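Down below is the structure, laid out as structure tokens.
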Amino acid sequence: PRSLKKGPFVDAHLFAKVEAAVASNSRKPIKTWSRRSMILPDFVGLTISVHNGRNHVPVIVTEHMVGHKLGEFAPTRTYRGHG
Amino acid sequence: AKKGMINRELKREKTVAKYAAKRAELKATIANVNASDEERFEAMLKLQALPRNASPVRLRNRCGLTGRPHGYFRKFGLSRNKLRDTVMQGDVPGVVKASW
Amino acid sequence: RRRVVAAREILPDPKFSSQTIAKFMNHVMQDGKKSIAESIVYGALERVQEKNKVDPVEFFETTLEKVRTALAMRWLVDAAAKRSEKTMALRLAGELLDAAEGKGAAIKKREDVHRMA
Amino acid sequence: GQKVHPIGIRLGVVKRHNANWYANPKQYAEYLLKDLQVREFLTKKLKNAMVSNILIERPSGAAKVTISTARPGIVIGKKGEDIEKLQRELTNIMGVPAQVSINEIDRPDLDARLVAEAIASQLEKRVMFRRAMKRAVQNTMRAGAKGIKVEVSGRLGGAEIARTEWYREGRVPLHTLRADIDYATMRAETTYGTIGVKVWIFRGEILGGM
Amino acid sequence: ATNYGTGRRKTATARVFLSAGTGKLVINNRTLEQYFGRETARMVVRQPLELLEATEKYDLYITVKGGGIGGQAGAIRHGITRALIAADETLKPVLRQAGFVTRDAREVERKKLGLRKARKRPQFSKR
Amino acid sequence: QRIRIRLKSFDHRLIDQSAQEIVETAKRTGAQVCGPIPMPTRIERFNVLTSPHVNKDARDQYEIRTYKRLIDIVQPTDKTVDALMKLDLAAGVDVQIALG
Amino acid sequence: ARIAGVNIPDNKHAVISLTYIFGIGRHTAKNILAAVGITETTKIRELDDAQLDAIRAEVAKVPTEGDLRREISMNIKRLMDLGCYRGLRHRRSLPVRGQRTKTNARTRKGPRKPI
RNA sequence: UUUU
RNA sequence: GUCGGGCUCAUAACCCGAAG
RNA sequence: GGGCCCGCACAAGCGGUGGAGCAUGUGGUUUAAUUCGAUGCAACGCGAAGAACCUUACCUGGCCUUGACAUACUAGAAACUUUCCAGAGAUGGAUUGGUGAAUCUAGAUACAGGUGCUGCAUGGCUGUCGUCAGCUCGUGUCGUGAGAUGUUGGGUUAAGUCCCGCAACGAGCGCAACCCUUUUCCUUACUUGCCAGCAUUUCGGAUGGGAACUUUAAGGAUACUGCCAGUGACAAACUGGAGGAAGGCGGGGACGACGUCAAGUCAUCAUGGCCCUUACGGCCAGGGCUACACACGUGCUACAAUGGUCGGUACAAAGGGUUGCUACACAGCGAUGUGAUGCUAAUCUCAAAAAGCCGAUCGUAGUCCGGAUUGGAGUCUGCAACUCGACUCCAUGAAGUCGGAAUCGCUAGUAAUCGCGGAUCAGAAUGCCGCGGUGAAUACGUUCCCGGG
Ligand SMILES: [Mg+2]
Ligand SMILES: [Mg+2]
Ligand SMILES: [Mg+2]
Ligand SMILES: [Mg+2]
Ligand SMILES: [Mg+2]
Ligand SMILES: [Mg+2]
Ligand SMILES: [Mg+2]
Ligand SMILES: [Mg+2]
Ligand SMILES: [Mg+2]
Ligand SMILES: [Mg+2]
Ligand SMILES: [Mg+2]
Ligand SMILES: [Mg+2]
Ligand SMILES: [Mg+2]
Ligand SMILES: [Mg+2]
Ligand SMILES: [Mg+2]
Ligand SMILES: [Mg+2]
Ligand SMILES: [Mg+2]
Ligand SMILES: [Mg+2]
Ligand SMILES: [Mg+2]
Ligand SMILES: [Mg+2]
Ligand SMILES: [Mg+2]
Ligand SMILES: [Mg+2]
Ligand SMILES: [Mg+2]
Ligand SMILES: [Mg+2]
């Protein structure tokens, strides 16, 4: 994990988008390729569509998804079985 | 290598050399202790707001003549294929075939 | 090989000046840990010295021809371990005193060959 | 197959290096890449001449290059326009005041470079490869060599399946390290592809070591 | 009355200074038992002086460096015999018969390109 | 004062003659040479794959050695520093002249 | 001889016998025995019934068998329900820490299956 | 013991 | 009988193990 | 299709693999993609001496069109350097200084570009038989002639090595030798390395000093059946022994004949031919190369008492260090952090060698063996460790009690076992290439298996 003496890492364009949306109480999903930014306690409530390689999957931020990386909630590989 | 790869490398190291002083002084401001914490947080912000290609971690060593990304030797600046050819014909000073 | 070869000679052990003792502790050694091996055999010898007082180099070569040389020295190093007595220096110095008085572990091990002889 | 290179196997034995300079392990690469450029530029800047060897030295933050050519009159021209302009070209590459020395080759039939270059320039005019090979072998043995081998490889005579043809006259002891042996390779760019010429020339043994 | 010998074994040196006196030893400013905990290295060191039956007529001042236990013990033995035959050359036949005069030239053989360790090659398999 | 001369080179045939040409030149213009001491040699070695595509156990092993020699001149006269600085030395030898 | 609802071996040194409680390793056993004031080489057999009470007091300060088992089994449930990468790797019983699965995962996957 |  | 492993430059015979 | 001879080829021994868990490459399967190549021995820890972005060749989306790069033409502007807005970024817009060669910008035709195809069109490079012992010529002689002899036969040798018989006599390339390193000694050299004999000691070669010894590294000497005895054909060679550090090739490396396999490589590079040219070229962000019912190859760690843990105490070689290595001090359980010293190195540093020795404990238990897997809390590199890093701490504590048929490596400082270093590299080795410590067992023999002459 990232060092605690550096703080959490959030992208700058994503943080601008989130702070802009939180002031207007909008409901439109935020589309982003970030996938590596940390989920801040401010994100809780919003709907973020994160890239997964081919599509942008919608994610609803819950009070328990704080501290994870965005890409944790958008898997990349497809697998059903082998038989 | 293809001719776009060599220009990509030239592009990257040109941009690295352009942004050396600023990145270094931001790295110094961050690692300081007698500055404000807001100082050392705005320094962090301005550091990771540079272009991606300004970081020397994205530089890959290639053969000086052909441009091969594998089998590189830092002492020589060439990859193994041209190293064998220029050594075995006598153009590299000091190098001989080794026997213990 | 295909033409001919000679055999190698062994410096006799430095404490009792014997060659058979050196060859015996060369069968007990593994991984080049010769300190462990010489501790084991010297302990066995200085054990059989204080009990049933007799010269060790004599008692050893007396009990060897009871079991007979390499294949003889293998049965001793084997049947002394599968014994569950104590430290190896003590369950090796146990099979020697067993085989001297005609025991069944390594002494009467070769007797099984005498039946099928 | 897979023989060792005749020159590099005896580089501290009976052969010197073609580069003579020292550099600290962080300056070695810049020097190496700066004189590889000088070689790769001089080999074509002097293609019509008969250059056979190029020696590079760096005495006291300087640059000295000895060009051992078979016809210095062309690499110099009139006295004062080719050696004086070449030097102004070898500084833009070396970044240091360069010097150019000339070493005229007497008997230019005992160095494998010139024999190979001649055989290639003949093969690139549609001459029978056997004629050229035999002529070179015959013309070098008269100049005093104690042995010569020539090798030609690849789609000979405009054919469709490639093959190798070699020719020898004399002794060429390749396993004797005190035997000095000149060796060269060259490429012929024919209407059907590449042809490879290899030349070994033997001139006697060396007594005394280094 | 101070004679000197030098003995190599594998990578050890063993500078040995032999002189007249009672029987006392030092190895690297350390008595014989303080230096070799291996009890059979001591009886390699004490072999030449007990061969001639003397064992008590000589003082020995030894230094040694390089190598391991067995290497340094054999080096010291070699050096002691070479310091001994420097005093009285007459003893050289006897010391030759016990095999103390020969320098053991066996060294570690280098690892080779494409093998595990100098003679051991990787595991072979067909099909 | 004192002079220390350190010589570094890739060729020892050359370093020997440079050293023994400096020593006698100093001996002519005075005295007090402290000999060409040989310092231990650096040997770095490389393994180079000789095939273009795939053959791991087929490699050429190359080697380069650096030789170092040391010379001291203890009490030099007023005509030795010039007799030394007025000396041309062949290529492939690095000469470091130091006072302390 | 009976601590934290477990029967610990009696003919054993104390620092070795205290590790039979789920949740107590060797470091924690050393800490407990030092805090209470008992040497590590003392057998559980040689302990007065008035020292065992201070041992139980000190053990009660760290999580043990049932509390800890339930604590572990709740985090995995939370992960599996939230729906992150690790919860998914837990549902499918595959390595969660980045190991390879093309081969060598037989401790998470179990005995082999024919086809 | 079948095939090159 | 089948599936897997072994022997073979390949293949079968044969050998080992397993499931049923 | 027969005969002889040789090689860890078999036999004799020692230790493994096949069984377990993990690492790594491959096949298959899955996928948007899981980039491409290498397939008996001679592909499978192989190209790759090191895929988080980059690498990157692949996929999804967004973009450019004489182009990221060259040459020849025209017109305008010193290159260069600040501040900001949109955008995931590519990319567009706006601002600040600056005043004929170089140096950007705009337009335009030939062209550039292609890791696209053919290794069965090729050059160069490599594997393999195999360091196997063969491949030839000129004469002089035989067969009308193509050709043969030489080179075949008895021994011997690592060897077409040598001796001997021989219509052959000689000679060449291969074998050996010349080159590197190790073992003994000698000479020159005396610091940053050394400390025998003096003194001084704050006990530290530390300091007056000394040039002996160790070492450092350059040049020499020495081994040839030279001496003795036998065997042997007046032979070659072999067996013994005296000296000698060493004895018959003292040990190891490098060096790979003529040729075989349309062997491998158009993806290092070059190149004939074919194909694409608002795309099969070029620039980005995110994903993938790390997937997982399975099968195989190569490794690592164990199943313990010749051992595990804890306390004390010894003995190396070879390598690396200025964008680097760090004495020492403080903080922390620790990974590490802060300060601060020496070092461009025989000077300072990595750095602790580890197995070993002495003492205590565990007493044959799935254990004080074993460490997989999982939960929780951290450190560091980096713009960023979700997919997908390494390391530290606490807890958890699988399988495993020596492995079926079968199969592999090794002939001596070797096998076995124990640590140390480097190349690649910001970070990322159980791989690769090296270094020393401890240090064995066995070889009657050539019927059999495999390859070769
Ligand atoms: Mg290209
Ligand atoms: Mg990189
Ligand atoms: Mg070893
Ligand atoms: Mg060595
Ligand atoms: Mg197999
Ligand atoms: Mg427990
Ligand atoms: Mg062998
Ligand atoms: Mg066998
Ligand atoms: Mg291809
Ligand atoms: Mg391998
Ligand atoms: Mg245009
Ligand atoms: Mg081919
Ligand atoms: Mg080819
Ligand atoms: Mg011959
Ligand atoms: Mg040879
Ligand atoms: Mg083919
Ligand atoms: Mg192919
Ligand atoms: Mg092509
Ligand atoms: Mg990308
Ligand atoms: Mg892969
Ligand atoms: Mg344990
Ligand atoms: Mg079980
Ligand atoms: Mg055969
Ligand atoms: Mg033969």
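Letters A, B, ... go to the chains of the structure tokens in the order shown; residues in each chain start at 1; ligands are counted from 1 in the same order.
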What does the list of residues within 8 Å of ligand 1 look like if you count only C-alpha atoms (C1' of nucleotides) and all ligand atoms, written as a JSON list (two decimals) with N, CA and C atoms, in the first residue's frame?
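For reference, result_21.json as written:
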```
[["chain", "number", "residue", "atom", "x", "y", "z"],
["B", 1, "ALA", "N", 14.81, -1.95, -34.59],
["B", 1, "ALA", "CA", 13.47, -1.56, -34.23],
["B", 1, "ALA", "C", 12.86, -0.69, -35.32],
["B", 2, "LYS", "N", 11.54, -0.54, -35.30],
["B", 2, "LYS", "CA", 10.88, 0.35, -36.24],
["B", 2, "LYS", "C", 11.35, 1.78, -36.02],
["B", 3, "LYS", "N", 11.12, 2.62, -37.01],
["B", 3, "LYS", "CA", 11.62, 3.99, -36.94],
["B", 3, "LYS", "C", 10.73, 4.90, -36.11]]
```
Please find the residues of chain J near chain D - the criterion being any atom within 8 Å, counting only C-alpha atoms (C1' of nucleotides) - and write them as a PDB file with N, CA and C atoms (P, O5', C5', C4', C3', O3' and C1' of nucleotides), in the first residue's frame.
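So the final result, stored in out-v8.pdb, reads:
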```pdb
ATOM      1  P     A J 121      12.529 -19.131 -49.526  1.00  0.00           P
ATOM      2  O5'   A J 121      13.765 -19.224 -50.514  1.00  0.00           O
ATOM      3  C5'   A J 121      13.628 -19.764 -51.817  1.00  0.00           C
ATOM      4  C4'   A J 121      14.582 -19.095 -52.769  1.00  0.00           C
ATOM      5  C3'   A J 121      15.981 -18.873 -52.232  1.00  0.00           C
ATOM      6  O3'   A J 121      16.805 -20.021 -52.263  1.00  0.00           O
ATOM      7  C1'   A J 121      15.209 -16.869 -53.139  1.00  0.00           C
ATOM      8  P     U J 122      17.855 -20.262 -51.079  1.00  0.00           P
ATOM      9  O5'   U J 122      18.808 -18.996 -51.166  1.00  0.00           O
ATOM     10  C5'   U J 122      19.658 -18.630 -50.092  1.00  0.00           C
ATOM     11  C4'   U J 122      20.210 -17.244 -50.296  1.00  0.00           C
ATOM     12  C3'   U J 122      21.237 -16.774 -49.288  1.00  0.00           C
ATOM     13  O3'   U J 122      22.531 -17.295 -49.520  1.00  0.00           O
ATOM     14  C1'   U J 122      19.655 -15.072 -49.634  1.00  0.00           C
ATOM     15  P     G J 123      23.479 -17.660 -48.286  1.00  0.00           P
ATOM     16  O5'   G J 123      24.071 -16.259 -47.849  1.00  0.00           O
ATOM     17  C5'   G J 123      24.846 -15.493 -48.746  1.00  0.00           C
ATOM     18  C4'   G J 123      25.249 -14.175 -48.143  1.00  0.00           C
ATOM     19  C3'   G J 123      25.961 -14.233 -46.807  1.00  0.00           C
ATOM     20  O3'   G J 123      27.335 -14.539 -46.930  1.00  0.00           O
ATOM     21  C1'   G J 123      24.289 -12.580 -46.733  1.00  0.00           C
ATOM     22  P     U J 126      28.984 -17.815 -35.314  1.00  0.00           P
ATOM     23  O5'   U J 126      27.774 -18.656 -34.729  1.00  0.00           O
ATOM     24  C5'   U J 126      27.332 -18.490 -33.395  1.00  0.00           C
ATOM     25  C4'   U J 126      26.064 -19.262 -33.128  1.00  0.00           C
ATOM     26  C3'   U J 126      26.187 -20.770 -33.075  1.00  0.00           C
ATOM     27  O3'   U J 126      26.702 -21.237 -31.845  1.00  0.00           O
ATOM     28  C1'   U J 126      24.286 -20.175 -34.338  1.00  0.00           C
ATOM     29  P     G J 172      54.569 -30.332 -44.117  1.00  0.00           P
ATOM     30  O5'   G J 172      53.077 -29.989 -44.562  1.00  0.00           O
ATOM     31  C5'   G J 172      52.824 -28.893 -45.423  1.00  0.00           C
ATOM     32  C4'   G J 172      51.376 -28.792 -45.834  1.00  0.00           C
ATOM     33  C3'   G J 172      50.349 -28.664 -44.731  1.00  0.00           C
ATOM     34  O3'   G J 172      50.314 -27.381 -44.140  1.00  0.00           O
ATOM     35  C1'   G J 172      49.555 -30.147 -46.389  1.00  0.00           C
ATOM     36  P     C J 173      50.057 -27.237 -42.562  1.00  0.00           P
ATOM     37  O5'   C J 173      48.476 -27.339 -42.423  1.00  0.00           O
ATOM     38  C5'   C J 173      47.627 -26.467 -43.146  1.00  0.00           C
ATOM     39  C4'   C J 173      46.215 -26.989 -43.203  1.00  0.00           C
ATOM     40  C3'   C J 173      45.560 -27.306 -41.875  1.00  0.00           C
ATOM     41  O3'   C J 173      45.105 -26.157 -41.186  1.00  0.00           O
ATOM     42  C1'   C J 173      45.131 -29.055 -43.400  1.00  0.00           C
ATOM     43  P     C J 178      52.196 -24.976 -25.405  1.00  0.00           P
ATOM     44  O5'   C J 178      52.344 -23.627 -26.234  1.00  0.00           O
ATOM     45  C5'   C J 178      53.613 -23.017 -26.422  1.00  0.00           C
ATOM     46  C4'   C J 178      53.597 -22.062 -27.586  1.00  0.00           C
ATOM     47  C3'   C J 178      52.748 -20.814 -27.416  1.00  0.00           C
ATOM     48  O3'   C J 178      53.433 -19.780 -26.731  1.00  0.00           O
ATOM     49  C1'   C J 178      52.313 -21.802 -29.523  1.00  0.00           C
ATOM     50  P     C J 179      52.975 -19.305 -25.271  1.00  0.00           P
ATOM     51  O5'   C J 179      51.477 -18.808 -25.461  1.00  0.00           O
ATOM     52  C5'   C J 179      51.193 -17.515 -25.970  1.00  0.00           C
ATOM     53  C4'   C J 179      49.735 -17.164 -25.811  1.00  0.00           C
ATOM     54  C3'   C J 179      49.182 -17.198 -24.398  1.00  0.00           C
ATOM     55  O3'   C J 179      49.503 -16.043 -23.642  1.00  0.00           O
ATOM     56  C1'   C J 179      47.685 -18.301 -25.849  1.00  0.00           C
ATOM     57  P     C J 255      36.167 -21.051 -27.832  1.00  0.00           P
ATOM     58  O5'   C J 255      37.301 -21.498 -28.852  1.00  0.00           O
ATOM     59  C5'   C J 255      38.035 -20.546 -29.603  1.00  0.00           C
ATOM     60  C4'   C J 255      39.228 -21.172 -30.276  1.00  0.00           C
ATOM     61  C3'   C J 255      38.937 -22.354 -31.179  1.00  0.00           C
ATOM     62  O3'   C J 255      38.480 -21.974 -32.455  1.00  0.00           O
ATOM     63  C1'   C J 255      40.756 -22.870 -29.784  1.00  0.00           C
ATOM     64  P     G J 256      37.163 -22.645 -33.058  1.00  0.00           P
ATOM     65  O5'   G J 256      37.472 -24.203 -33.056  1.00  0.00           O
ATOM     66  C5'   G J 256      37.834 -24.887 -34.246  1.00  0.00           C
ATOM     67  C4'   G J 256      37.042 -26.155 -34.420  1.00  0.00           C
ATOM     68  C3'   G J 256      35.713 -26.000 -35.160  1.00  0.00           C
ATOM     69  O3'   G J 256      35.428 -27.215 -35.848  1.00  0.00           O
ATOM     70  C1'   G J 256      35.307 -26.862 -33.033  1.00  0.00           C
ATOM     71  P     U J 271      19.191  -2.904 -47.133  1.00  0.00           P
ATOM     72  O5'   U J 271      18.944  -4.176 -48.056  1.00  0.00           O
ATOM     73  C5'   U J 271      19.885  -4.562 -49.047  1.00  0.00           C
ATOM     74  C4'   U J 271      19.649  -5.973 -49.522  1.00  0.00           C
ATOM     75  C3'   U J 271      18.336  -6.240 -50.231  1.00  0.00           C
ATOM     76  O3'   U J 271      18.368  -5.843 -51.589  1.00  0.00           O
ATOM     77  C1'   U J 271      18.773  -7.963 -48.670  1.00  0.00           C
ATOM     78  P     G J 272      17.035  -5.353 -52.331  1.00  0.00           P
ATOM     79  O5'   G J 272      16.602  -6.600 -53.216  1.00  0.00           O
ATOM     80  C5'   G J 272      17.421  -7.062 -54.280  1.00  0.00           C
ATOM     81  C4'   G J 272      16.847  -8.300 -54.916  1.00  0.00           C
ATOM     82  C3'   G J 272      15.358  -8.258 -55.189  1.00  0.00           C
ATOM     83  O3'   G J 272      15.040  -7.586 -56.392  1.00  0.00           O
ATOM     84  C1'   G J 272      15.879 -10.263 -54.090  1.00  0.00           C
TER      85        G J 272
END
```
Q. Can you list, as a ChimeraX atom specification, every protein, DNA or RNA residue that comes within 10 Å of residue 7 (chain C) when you count only C-alpha atoms (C1' of nucleotides), leaving out same-chain residues fewer than 3 positions away?
A. /C:10 /J:442-443
Those residues with N, CA, C and O atoms (P, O5', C5', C4', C3', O3' and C1' of nucleotides), as a PDB file, in the first residue's frame please?
```pdb
ATOM      1  N   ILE C  10      43.691 -43.857   1.837  1.00  0.00           N
ATOM      2  CA  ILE C  10      43.102 -42.967   2.825  1.00  0.00           C
ATOM      3  C   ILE C  10      44.106 -42.732   3.938  1.00  0.00           C
ATOM      4  O   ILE C  10      44.687 -43.683   4.470  1.00  0.00           O
TER       5      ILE C  10
ATOM      6  P     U J 442      34.527 -47.724  -1.101  1.00  0.00           P
ATOM      7  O5'   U J 442      34.176 -47.842  -2.648  1.00  0.00           O
ATOM      8  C5'   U J 442      33.223 -48.783  -3.114  1.00  0.00           C
ATOM      9  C4'   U J 442      32.863 -48.535  -4.555  1.00  0.00           C
ATOM     10  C3'   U J 442      33.888 -48.954  -5.590  1.00  0.00           C
ATOM     11  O3'   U J 442      33.878 -50.343  -5.852  1.00  0.00           O
ATOM     12  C1'   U J 442      33.068 -46.809  -6.118  1.00  0.00           C
ATOM     13  P     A J 443      35.255 -51.116  -6.123  1.00  0.00           P
ATOM     14  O5'   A J 443      35.499 -50.948  -7.685  1.00  0.00           O
ATOM     15  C5'   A J 443      34.617 -51.532  -8.630  1.00  0.00           C
ATOM     16  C4'   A J 443      34.818 -50.962 -10.008  1.00  0.00           C
ATOM     17  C3'   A J 443      36.222 -51.032 -10.571  1.00  0.00           C
ATOM     18  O3'   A J 443      36.548 -52.309 -11.083  1.00  0.00           O
ATOM     19  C1'   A J 443      35.307 -48.894 -10.976  1.00  0.00           C
TER      20        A J 443
END
```
(Q) If we count only C-alpha atoms (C1' of nucleotides) and set the cut-off at 12 Å, which residues sit around residue 213 (chain J), ignoring sequence neighbours fewer than 2 positions away in its own chain? Please answer as a ChimeraX atom specification. (A) /E:3-6,13-17,62-64 /J:194-197,211,215
Q: Compile the residues of chain F that lie within 8 Å of chain B, evaluated using only C-alpha atoms, and express the compilation as a ChimeraX atom specification.
A: /F:10-11,45,48-50,52,60-65
Q) Given a cut-off of 8 Å, what residues near ligand 14 show up using only C-alpha atoms (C1' of nucleotides) and all ligand atoms, put as JSON, numbers by chain? A) {"J": [160, 161, 174, 175]}
Excluding residue 44 (chain E) and residues on its chain fewer than 6 positions from it, collect all residues at most 8 Å away from it, counting only C-alpha atoms (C1' of nucleotides), and give them as an mmCIF file with N, CA and C atoms, in the first residue's frame.
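Okay, part.cif is ready:
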```cif
data_model
loop_
_atom_site.group_PDB
_atom_site.id
_atom_site.type_symbol
_atom_site.label_atom_id
_atom_site.label_comp_id
_atom_site.auth_asym_id
_atom_site.auth_seq_id
_atom_site.Cartn_x
_atom_site.Cartn_y
_atom_site.Cartn_z
ATOM 1 N N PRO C 14 43.701 -39.511 12.630
ATOM 2 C CA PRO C 14 44.831 -38.953 13.377
ATOM 3 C C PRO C 14 44.861 -39.308 14.857
ATOM 4 N N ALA E 73 44.987 -25.639 9.015
ATOM 5 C CA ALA E 73 45.742 -26.669 9.723
ATOM 6 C C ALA E 73 46.802 -27.292 8.821
ATOM 7 N N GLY E 74 46.425 -27.648 7.592
ATOM 8 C CA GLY E 74 47.395 -28.221 6.674
ATOM 9 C C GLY E 74 48.465 -27.232 6.263
ATOM 10 N N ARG E 77 50.938 -27.122 9.124
ATOM 11 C CA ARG E 77 51.789 -28.310 9.100
ATOM 12 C C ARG E 77 52.881 -28.190 8.043
#
```
Q: Run DSSP on the backbone and give me the residues of region 8-63 of chain A it puts in strand (DSSP E), as JSON, numbers by chain.
A: {"A": [30, 31, 32, 47, 48, 49, 50, 51, 56, 57, 58, 59, 60]}
Produce a file of the selected residues containing C-alpha atoms, as a short mmCIF file (atom, residue, chain, number, x, y, z; two decimals), in the first residue's frame.
```
data_model
loop_
_atom_site.label_atom_id
_atom_site.label_comp_id
_atom_site.auth_asym_id
_atom_site.auth_seq_id
_atom_site.Cartn_x
_atom_site.Cartn_y
_atom_site.Cartn_z
CA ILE A 30 -19.15 10.72 -13.90
CA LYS A 31 -17.31 8.92 -16.70
CA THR A 32 -13.64 8.31 -16.02
CA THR A 47 -22.40 7.25 -9.43
CA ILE A 48 -19.11 6.83 -11.29
CA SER A 49 -18.72 4.94 -14.55
CA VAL A 50 -15.17 3.55 -14.60
CA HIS A 51 -13.40 2.07 -17.60
CA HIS A 56 -17.54 2.14 -18.62
CA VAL A 57 -19.22 0.22 -15.78
CA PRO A 58 -21.44 2.13 -13.30
CA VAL A 59 -20.45 2.06 -9.63
CA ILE A 60 -22.57 3.40 -6.77
#
```
Q. Which chains and residue numbers are within 9 Å of ligand 12, counting only C-alpha atoms (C1' of nucleotides) and all ligand atoms, if I want them as a PyMOL selection string?
A. chain J and resi 119-120+262-265
Export N, CA, C and O atoms (P, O5', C5', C4', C3', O3' and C1' of nucleotides) of the chosen residues as a PDB file, in the first residue's frame?
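This is the output file part11.pdb:
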```pdb
ATOM      1  P     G J 119       9.224 -20.124 -45.191  1.00  0.00           P
ATOM      2  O5'   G J 119      10.806 -20.198 -45.252  1.00  0.00           O
ATOM      3  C5'   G J 119      11.618 -19.089 -44.894  1.00  0.00           C
ATOM      4  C4'   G J 119      13.070 -19.471 -44.937  1.00  0.00           C
ATOM      5  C3'   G J 119      13.463 -20.619 -44.020  1.00  0.00           C
ATOM      6  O3'   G J 119      14.548 -21.307 -44.635  1.00  0.00           O
ATOM      7  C1'   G J 119      14.750 -18.755 -43.494  1.00  0.00           C
ATOM      8  P     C J 120      14.523 -22.888 -44.869  1.00  0.00           P
ATOM      9  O5'   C J 120      14.153 -23.043 -46.402  1.00  0.00           O
ATOM     10  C5'   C J 120      14.769 -22.245 -47.404  1.00  0.00           C
ATOM     11  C4'   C J 120      13.855 -22.038 -48.590  1.00  0.00           C
ATOM     12  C3'   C J 120      12.492 -21.428 -48.268  1.00  0.00           C
ATOM     13  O3'   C J 120      12.054 -20.648 -49.373  1.00  0.00           O
ATOM     14  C1'   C J 120      12.184 -23.513 -49.280  1.00  0.00           C
ATOM     15  P     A J 262      16.824 -32.269 -44.501  1.00  0.00           P
ATOM     16  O5'   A J 262      17.463 -30.952 -45.119  1.00  0.00           O
ATOM     17  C5'   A J 262      16.965 -30.395 -46.333  1.00  0.00           C
ATOM     18  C4'   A J 262      17.231 -28.914 -46.399  1.00  0.00           C
ATOM     19  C3'   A J 262      16.274 -28.040 -45.589  1.00  0.00           C
ATOM     20  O3'   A J 262      17.000 -26.988 -44.961  1.00  0.00           O
ATOM     21  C1'   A J 262      16.325 -27.304 -47.822  1.00  0.00           C
ATOM     22  P     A J 263      16.607 -26.511 -43.483  1.00  0.00           P
ATOM     23  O5'   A J 263      17.079 -27.711 -42.562  1.00  0.00           O
ATOM     24  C5'   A J 263      16.154 -28.430 -41.763  1.00  0.00           C
ATOM     25  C4'   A J 263      16.494 -28.319 -40.298  1.00  0.00           C
ATOM     26  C3'   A J 263      16.305 -26.948 -39.669  1.00  0.00           C
ATOM     27  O3'   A J 263      14.965 -26.723 -39.263  1.00  0.00           O
ATOM     28  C1'   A J 263      18.431 -27.800 -39.087  1.00  0.00           C
ATOM     29  P     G J 264      14.192 -25.363 -39.627  1.00  0.00           P
ATOM     30  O5'   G J 264      14.805 -24.293 -38.637  1.00  0.00           O
ATOM     31  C5'   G J 264      14.469 -24.314 -37.265  1.00  0.00           C
ATOM     32  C4'   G J 264      15.164 -23.220 -36.515  1.00  0.00           C
ATOM     33  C3'   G J 264      15.059 -21.835 -37.111  1.00  0.00           C
ATOM     34  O3'   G J 264      13.818 -21.207 -36.854  1.00  0.00           O
ATOM     35  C1'   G J 264      17.283 -22.244 -36.485  1.00  0.00           C
ATOM     36  P     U J 265      13.062 -20.396 -38.011  1.00  0.00           P
ATOM     37  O5'   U J 265      13.506 -18.892 -37.787  1.00  0.00           O
ATOM     38  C5'   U J 265      13.618 -18.337 -36.489  1.00  0.00           C
ATOM     39  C4'   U J 265      14.722 -17.312 -36.422  1.00  0.00           C
ATOM     40  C3'   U J 265      14.675 -16.196 -37.448  1.00  0.00           C
ATOM     41  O3'   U J 265      13.792 -15.155 -37.073  1.00  0.00           O
ATOM     42  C1'   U J 265      16.876 -17.044 -37.286  1.00  0.00           C
TER      43        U J 265
END
```
